[PDB]
file run_3.cif (mmCIF, C-alpha atoms)
data_model
loop_
_atom_site.group_PDB
_atom_site.id
_atom_site.type_symbol
_atom_site.label_atom_id
_atom_site.label_comp_id
_atom_site.auth_asym_id
_atom_site.auth_seq_id
_atom_site.Cartn_x
_atom_site.Cartn_y
_atom_site.Cartn_z
ATOM 1 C CA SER A 87 114.910 110.534 84.894
ATOM 2 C CA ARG A 88 111.847 108.319 84.581
ATOM 3 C CA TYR A 89 109.508 108.290 87.543
ATOM 4 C CA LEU A 90 109.096 104.663 88.588
ATOM 5 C CA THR A 91 106.322 103.769 90.966
ATOM 6 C CA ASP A 92 104.845 100.680 92.592
ATOM 7 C CA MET A 93 101.667 102.590 93.446
ATOM 8 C CA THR A 94 99.197 104.557 91.303
ATOM 9 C CA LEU A 95 99.105 108.359 90.999
ATOM 10 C CA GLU A 96 96.087 108.270 93.318
ATOM 11 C CA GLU A 97 97.818 106.037 95.882
ATOM 12 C CA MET A 98 101.084 107.983 95.930
ATOM 13 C CA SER A 99 99.243 111.245 96.673
ATOM 14 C CA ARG A 100 96.607 109.796 99.040
ATOM 15 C CA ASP A 101 96.621 111.274 102.549
ATOM 16 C CA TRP A 102 96.359 109.059 105.619
ATOM 17 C CA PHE A 103 96.274 108.964 109.429
ATOM 18 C CA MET A 104 97.768 106.879 112.254
ATOM 19 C CA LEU A 105 95.594 105.506 115.080
ATOM 20 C CA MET A 106 98.805 105.104 117.088
ATOM 21 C CA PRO A 107 101.442 107.445 115.628
ATOM 22 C CA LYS A 108 105.135 106.488 115.641
ATOM 23 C CA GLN A 109 108.118 108.238 114.042
ATOM 24 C CA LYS A 110 111.755 107.103 113.890
ATOM 25 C CA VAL A 111 114.410 108.616 111.587
ATOM 26 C CA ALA A 112 117.005 106.431 109.843
ATOM 27 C CA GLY A 113 119.055 107.447 106.811
ATOM 28 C CA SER A 114 117.788 110.970 107.515
ATOM 29 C CA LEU A 115 114.502 109.685 106.111
ATOM 30 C CA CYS A 116 111.527 110.039 108.455
ATOM 31 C CA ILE A 117 109.665 106.748 108.872
ATOM 32 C CA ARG A 118 106.110 107.319 110.138
ATOM 33 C CA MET A 119 103.738 104.424 110.867
ATOM 34 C CA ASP A 120 100.601 103.274 112.653
ATOM 35 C CA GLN A 121 101.435 100.975 115.595
ATOM 36 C CA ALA A 122 97.769 99.990 116.050
ATOM 37 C CA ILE A 123 97.753 97.926 112.875
ATOM 38 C CA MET A 124 98.365 94.247 113.553
ATOM 39 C CA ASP A 125 98.125 90.831 111.811
ATOM 40 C CA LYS A 126 97.334 92.409 108.394
ATOM 41 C CA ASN A 127 99.071 91.845 105.094
ATOM 42 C CA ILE A 128 100.975 95.004 104.037
ATOM 43 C CA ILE A 129 102.687 95.845 100.724
ATOM 44 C CA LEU A 130 105.461 98.477 100.822
ATOM 45 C CA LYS A 131 105.254 100.534 97.591
ATOM 46 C CA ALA A 132 107.414 103.501 96.460
ATOM 47 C CA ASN A 133 107.419 106.454 94.036
ATOM 48 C CA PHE A 134 110.987 107.401 93.077
ATOM 49 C CA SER A 135 113.092 108.662 90.166
ATOM 50 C CA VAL A 136 115.340 106.341 88.142
ATOM 51 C CA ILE A 137 117.985 106.890 85.483
ATOM 52 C CA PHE A 138 117.533 103.897 83.151
ATOM 53 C CA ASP A 139 116.060 101.666 85.913
ATOM 54 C CA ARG A 140 118.740 102.554 88.493
ATOM 55 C CA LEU A 141 117.494 104.497 91.539
ATOM 56 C CA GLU A 142 118.409 108.171 91.549
ATOM 57 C CA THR A 143 116.400 109.345 94.584
ATOM 58 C CA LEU A 144 113.483 108.013 96.662
ATOM 59 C CA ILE A 145 110.645 110.558 96.446
ATOM 60 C CA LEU A 146 108.097 108.896 98.748
ATOM 61 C CA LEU A 147 107.390 105.370 100.011
ATOM 62 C CA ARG A 148 104.075 104.249 101.525
ATOM 63 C CA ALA A 149 102.977 100.979 103.133
ATOM 64 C CA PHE A 150 99.452 99.862 102.219
ATOM 65 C CA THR A 151 97.441 97.134 103.932
ATOM 66 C CA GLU A 152 95.322 94.562 102.150
ATOM 67 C CA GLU A 153 92.439 96.909 103.121
ATOM 68 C CA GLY A 154 94.003 99.512 100.819
ATOM 69 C CA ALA A 155 94.718 101.909 103.677
ATOM 70 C CA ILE A 156 98.130 103.548 104.034
ATOM 71 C CA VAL A 157 99.529 102.561 107.439
ATOM 72 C CA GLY A 158 103.091 103.772 107.027
ATOM 73 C CA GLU A 159 105.317 106.146 105.068
ATOM 74 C CA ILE A 160 109.051 106.737 104.574
ATOM 75 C CA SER A 161 109.822 110.260 103.393
ATOM 76 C CA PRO A 162 113.223 111.911 102.957
ATOM 77 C CA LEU A 163 113.862 115.258 104.584
ATOM 78 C CA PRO A 164 113.483 117.622 101.566
ATOM 79 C CA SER A 165 116.942 119.018 102.334
ATOM 80 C CA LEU A 166 119.491 116.197 102.099
ATOM 81 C CA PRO A 167 122.619 116.990 100.085
ATOM 82 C CA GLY A 168 122.740 113.446 98.657
ATOM 83 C CA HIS A 169 120.996 110.059 98.716
ATOM 84 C CA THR A 170 122.264 106.467 99.169
ATOM 85 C CA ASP A 171 120.701 103.005 98.912
ATOM 86 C CA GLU A 172 121.786 102.446 102.492
ATOM 87 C CA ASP A 173 119.547 105.276 103.711
ATOM 88 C CA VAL A 174 116.480 103.688 102.156
ATOM 89 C CA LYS A 175 117.539 100.210 103.283
ATOM 90 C CA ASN A 176 117.889 101.256 106.908
ATOM 91 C CA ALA A 177 114.547 103.077 106.810
ATOM 92 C CA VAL A 178 112.801 100.068 105.217
ATOM 93 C CA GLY A 179 114.301 98.027 108.050
ATOM 94 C CA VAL A 180 112.489 100.288 110.530
ATOM 95 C CA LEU A 181 109.137 100.041 108.754
ATOM 96 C CA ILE A 182 109.208 96.294 108.050
ATOM 97 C CA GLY A 183 110.478 95.633 111.563
ATOM 98 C CA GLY A 184 107.766 97.672 113.274
ATOM 99 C CA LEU A 185 105.039 95.986 111.251
ATOM 100 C CA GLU A 186 106.612 92.553 111.841
ATOM 101 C CA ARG A 187 106.720 93.175 115.622
ATOM 102 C CA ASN A 188 102.981 93.865 115.296
ATOM 103 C CA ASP A 189 102.664 90.395 113.663
ATOM 104 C CA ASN A 190 101.835 91.776 110.216
ATOM 105 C CA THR A 191 102.929 89.914 107.065
ATOM 106 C CA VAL A 192 105.051 92.337 105.072
ATOM 107 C CA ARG A 193 105.415 92.204 101.290
ATOM 108 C CA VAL A 194 107.864 94.451 99.432
ATOM 109 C CA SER A 195 107.465 95.672 95.840
ATOM 110 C CA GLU A 196 109.625 94.525 92.919
ATOM 111 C CA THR A 197 112.014 97.472 92.805
ATOM 112 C CA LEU A 198 112.067 98.336 96.510
ATOM 113 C CA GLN A 199 113.418 94.957 97.491
ATOM 114 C CA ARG A 200 116.377 95.532 95.148
ATOM 115 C CA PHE A 201 117.671 98.876 96.392
ATOM 116 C CA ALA A 202 116.298 98.738 99.957
ATOM 117 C CA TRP A 203 116.634 95.037 100.891
ATOM 118 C CA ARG A 204 119.004 93.120 98.571
ATOM 119 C CA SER A 205 121.434 96.056 98.728
#
call {"tool": "encode", "arguments": {"input": "run_3.cif", "output": "structure tokens"}}
result
Amino acid sequence: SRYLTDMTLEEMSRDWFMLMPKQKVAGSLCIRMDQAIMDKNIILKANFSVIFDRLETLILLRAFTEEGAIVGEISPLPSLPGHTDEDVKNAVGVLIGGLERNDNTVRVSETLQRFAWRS
């Protein structure tokens, strides 16, 4: 599989904090985000494996503000016996929705919007 990423090697490994922590689990993927963050522009970016540009498995997804700070993450449990597009889609619905309720403008990367929004 090729690793396909919307974020750099630095960004995908960068550690972060939440001023107001929130967790919800959808798709058996843990969505973690900072509820304090409001009105900002955010880009959702992922790091995942693909087999010839078709998603195999999400590895990690992070939401970055225009300030460059990570303000959210979607991470699978490292113990799922399979993976579906629907899992990632439902989890992206949690993260976009929480940010949107906090009035943020939410952008989605080129590949993420295919398998987690158009699917």
call {"tool": "residues_around", "arguments": {"input": "run_3.cif", "residues": "residue 163 (chain A)", "least_positions_apart": "3", "cutoff": "8 Å", "atoms": "only C-alpha atoms", "output": "JSON, numbers by chain"}}
result
{"A": [114, 115, 116, 166]}
call {"tool": "resolve_selection", "arguments": {"input": "run_3.cif", "expression": "the PyMOL selection byres ((chain A and resi 153) around 12)", "output": "ChimeraX atom specification"}}
result
/A:123,126-129,149-152,154-157
call {"tool": "write_last_selection", "arguments": {"input": "run_3.cif", "atoms": "C-alpha atoms", "output": "tab-separated table (two decimals), keeping the file's coordinate frame"}}
result
chain	number	residue	atom	x	y	z
A	123	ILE	CA	97.75	97.93	112.88
A	126	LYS	CA	97.33	92.41	108.39
A	127	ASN	CA	99.07	91.84	105.09
A	128	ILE	CA	100.98	95.00	104.04
A	129	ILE	CA	102.69	95.84	100.72
A	149	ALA	CA	102.98	100.98	103.13
A	150	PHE	CA	99.45	99.86	102.22
A	151	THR	CA	97.44	97.13	103.93
A	152	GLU	CA	95.32	94.56	102.15
A	154	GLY	CA	94.00	99.51	100.82
A	155	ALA	CA	94.72	101.91	103.68
A	156	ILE	CA	98.13	103.55	104.03
A	157	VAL	CA	99.53	102.56	107.44
call {"tool": "axis_aligned_box", "arguments": {"input": "run_3.cif", "around": "region 156-168 of chain A", "padding_each_side": "4 Å", "output": "JSON"}}
result
{"center_x": 110.4, "center_y": 110.8, "center_z": 103.0, "size_x": 32.6, "size_y": 24.5, "size_z": 16.8}
call {"tool": "residues_around", "arguments": {"input": "run_3.cif", "residues": "residue 121 (chain A)", "least_positions_apart": "4", "cutoff": "7 Å", "atoms": "only C-alpha atoms", "output": "compact mmCIF listing (two decimals) with C-alpha atoms, in the coordinates of the input"}}
result
# COMPACT_ATOMS: atom_id res chain seq x y z
CA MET A 106 98.80 105.10 117.09
CA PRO A 107 101.44 107.44 115.63
CA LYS A 108 105.14 106.49 115.64
call {"tool": "residues_around", "arguments": {"input": "run_3.cif", "residues": "residue 97 (chain A)", "least_positions_apart": "2", "cutoff": "10 Å", "atoms": "only C-alpha atoms", "output": "ChimeraX atom specification"}}
result
/A:92-95,99-101,131-133,148,150,154-156
call {"tool": "closest_residue", "arguments": {"input": "run_3.cif", "among": "A:171, A:125, A:159, A:142", "to": "residue 191 (chain A)", "atoms": "only C-alpha atoms"}}
result
A:125
call {"tool": "residues_around", "arguments": {"input": "run_3.cif", "residues": "region 174-186 of chain A", "least_positions_apart": "3", "cutoff": "9 Å", "atoms": "all atoms listed in the file", "output": "ChimeraX atom specification"}}
result
/A:110-121,123-126,128,130,144,149,158-160,162,169-171,189-194,198-199,201-205
call {"tool": "write_last_selection", "arguments": {"input": "run_3.cif", "atoms": "C-alpha atoms", "output": "PDB file, in the coordinates of the input"}}
result
ATOM      1  CA  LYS A 110     111.755 107.103 113.890  1.00  0.00           C
ATOM      2  CA  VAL A 111     114.410 108.616 111.587  1.00  0.00           C
ATOM      3  CA  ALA A 112     117.005 106.431 109.843  1.00  0.00           C
ATOM      4  CA  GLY A 113     119.055 107.447 106.811  1.00  0.00           C
ATOM      5  CA  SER A 114     117.788 110.970 107.515  1.00  0.00           C
ATOM      6  CA  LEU A 115     114.502 109.685 106.111  1.00  0.00           C
ATOM      7  CA  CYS A 116     111.527 110.039 108.455  1.00  0.00           C
ATOM      8  CA  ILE A 117     109.665 106.748 108.872  1.00  0.00           C
ATOM      9  CA  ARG A 118     106.110 107.319 110.138  1.00  0.00           C
ATOM     10  CA  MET A 119     103.738 104.424 110.867  1.00  0.00           C
ATOM     11  CA  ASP A 120     100.601 103.274 112.653  1.00  0.00           C
ATOM     12  CA  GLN A 121     101.435 100.975 115.595  1.00  0.00           C
ATOM     13  CA  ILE A 123      97.753  97.926 112.875  1.00  0.00           C
ATOM     14  CA  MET A 124      98.365  94.247 113.553  1.00  0.00           C
ATOM     15  CA  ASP A 125      98.125  90.831 111.811  1.00  0.00           C
ATOM     16  CA  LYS A 126      97.334  92.409 108.394  1.00  0.00           C
ATOM     17  CA  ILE A 128     100.975  95.004 104.037  1.00  0.00           C
ATOM     18  CA  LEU A 130     105.461  98.477 100.822  1.00  0.00           C
ATOM     19  CA  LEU A 144     113.483 108.013  96.662  1.00  0.00           C
ATOM     20  CA  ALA A 149     102.977 100.979 103.133  1.00  0.00           C
ATOM     21  CA  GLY A 158     103.091 103.772 107.027  1.00  0.00           C
ATOM     22  CA  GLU A 159     105.317 106.146 105.068  1.00  0.00           C
ATOM     23  CA  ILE A 160     109.051 106.737 104.574  1.00  0.00           C
ATOM     24  CA  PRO A 162     113.223 111.911 102.957  1.00  0.00           C
ATOM     25  CA  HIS A 169     120.996 110.059  98.716  1.00  0.00           C
ATOM     26  CA  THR A 170     122.264 106.467  99.169  1.00  0.00           C
ATOM     27  CA  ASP A 171     120.701 103.005  98.912  1.00  0.00           C
ATOM     28  CA  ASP A 189     102.664  90.395 113.663  1.00  0.00           C
ATOM     29  CA  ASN A 190     101.835  91.776 110.216  1.00  0.00           C
ATOM     30  CA  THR A 191     102.929  89.914 107.065  1.00  0.00           C
ATOM     31  CA  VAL A 192     105.051  92.337 105.072  1.00  0.00           C
ATOM     32  CA  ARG A 193     105.415  92.204 101.290  1.00  0.00           C
ATOM     33  CA  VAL A 194     107.864  94.451  99.432  1.00  0.00           C
ATOM     34  CA  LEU A 198     112.067  98.336  96.510  1.00  0.00           C
ATOM     35  CA  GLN A 199     113.418  94.957  97.491  1.00  0.00           C
ATOM     36  CA  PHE A 201     117.671  98.876  96.392  1.00  0.00           C
ATOM     37  CA  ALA A 202     116.298  98.738  99.957  1.00  0.00           C
ATOM     38  CA  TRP A 203     116.634  95.037 100.891  1.00  0.00           C
ATOM     39  CA  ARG A 204     119.004  93.120  98.571  1.00  0.00           C
ATOM     40  CA  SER A 205     121.434  96.056  98.728  1.00  0.00           C
TER      41      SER A 205
END
call {"tool": "atom_distance", "arguments": {"input": "run_3.cif", "atom1": "CA of residue 90 (chain A)", "atom2": "CA of residue 168 (chain A)"}}
result
19.1 Å
call {"tool": "atom_distance", "arguments": {"input": "run_3.cif", "atom1": "CA of residue 105 (chain A)", "atom2": "CA of residue 187 (chain A)"}}
result
16.6 Å
call {"tool": "atom_distance", "arguments": {"input": "run_3.cif", "atom1": "CA of residue 188 (chain A)", "atom2": "CA of residue 147 (chain A)"}}
result
19.6 Å
call {"tool": "closest_residue", "arguments": {"input": "run_3.cif", "among": "A:141, A:196, A:173, A:88", "to": "residue 161 (chain A)", "atoms": "all atoms listed in the file"}}
result
A:173
call {"tool": "closest_residue", "arguments": {"input": "run_3.cif", "among": "A:195, A:145, A:109, A:200", "to": "residue 172 (chain A)", "atoms": "all atoms listed in the file"}}
result
A:200
call {"tool": "build_atoms", "arguments": {"input": "run_3.cif", "residues": "region 103-117 of chain A", "atoms": "N, CA, C and O atoms", "output": "tab-separated table (two decimals), in the coordinates of the input"}}
result
chain	number	residue	atom	x	y	z
A	103	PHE	N	96.19	108.66	108.00
A	103	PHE	CA	96.27	108.96	109.43
A	103	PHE	C	96.84	107.75	110.16
A	103	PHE	O	96.85	106.65	109.60
A	104	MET	N	97.26	107.95	111.40
A	104	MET	CA	97.77	106.88	112.25
A	104	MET	C	96.90	106.84	113.51
A	104	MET	O	96.68	107.87	114.14
A	105	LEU	N	96.39	105.67	113.86
A	105	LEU	CA	95.59	105.51	115.08
A	105	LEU	C	96.52	105.52	116.29
A	105	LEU	O	96.17	106.05	117.35
A	106	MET	N	97.71	104.98	116.12
A	106	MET	CA	98.80	105.10	117.09
A	106	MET	C	100.05	105.62	116.37
A	106	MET	O	100.81	104.83	115.80
A	107	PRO	N	100.26	106.95	116.35
A	107	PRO	CA	101.44	107.44	115.63
A	107	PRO	C	102.79	106.99	116.18
A	107	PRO	O	102.98	106.87	117.39
A	108	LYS	N	103.75	106.79	115.28
A	108	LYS	CA	105.14	106.49	115.64
A	108	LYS	C	106.02	107.10	114.58
A	108	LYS	O	105.73	106.95	113.39
A	109	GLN	N	107.11	107.74	114.97
A	109	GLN	CA	108.12	108.24	114.04
A	109	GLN	C	109.47	107.74	114.52
A	109	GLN	O	109.71	107.67	115.72
A	110	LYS	N	110.36	107.42	113.59
A	110	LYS	CA	111.76	107.10	113.89
A	110	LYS	C	112.43	107.67	112.65
A	110	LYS	O	111.76	107.80	111.63
A	111	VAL	N	113.69	108.05	112.73
A	111	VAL	CA	114.41	108.62	111.59
A	111	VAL	C	115.64	107.74	111.38
A	111	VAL	O	116.38	107.48	112.33
A	112	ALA	N	115.85	107.25	110.17
A	112	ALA	CA	117.00	106.43	109.84
A	112	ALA	C	117.37	106.84	108.43
A	112	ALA	O	116.48	107.09	107.63
A	113	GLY	N	118.65	106.99	108.13
A	113	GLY	CA	119.06	107.45	106.81
A	113	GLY	C	118.73	108.90	106.54
A	113	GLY	O	118.74	109.35	105.39
A	114	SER	N	118.40	109.64	107.59
A	114	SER	CA	117.79	110.97	107.52
A	114	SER	C	116.50	110.96	106.68
A	114	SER	O	116.14	111.94	106.02
A	115	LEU	N	115.81	109.83	106.73
A	115	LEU	CA	114.50	109.68	106.11
A	115	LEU	C	113.59	109.48	107.31
A	115	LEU	O	113.92	108.72	108.22
A	116	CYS	N	112.47	110.18	107.36
A	116	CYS	CA	111.53	110.04	108.46
A	116	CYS	C	110.64	108.86	108.12
A	116	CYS	O	110.03	108.82	107.05
A	117	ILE	N	110.54	107.90	109.02
A	117	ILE	CA	109.66	106.75	108.87
A	117	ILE	C	108.52	107.07	109.80
A	117	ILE	O	108.76	107.36	110.97
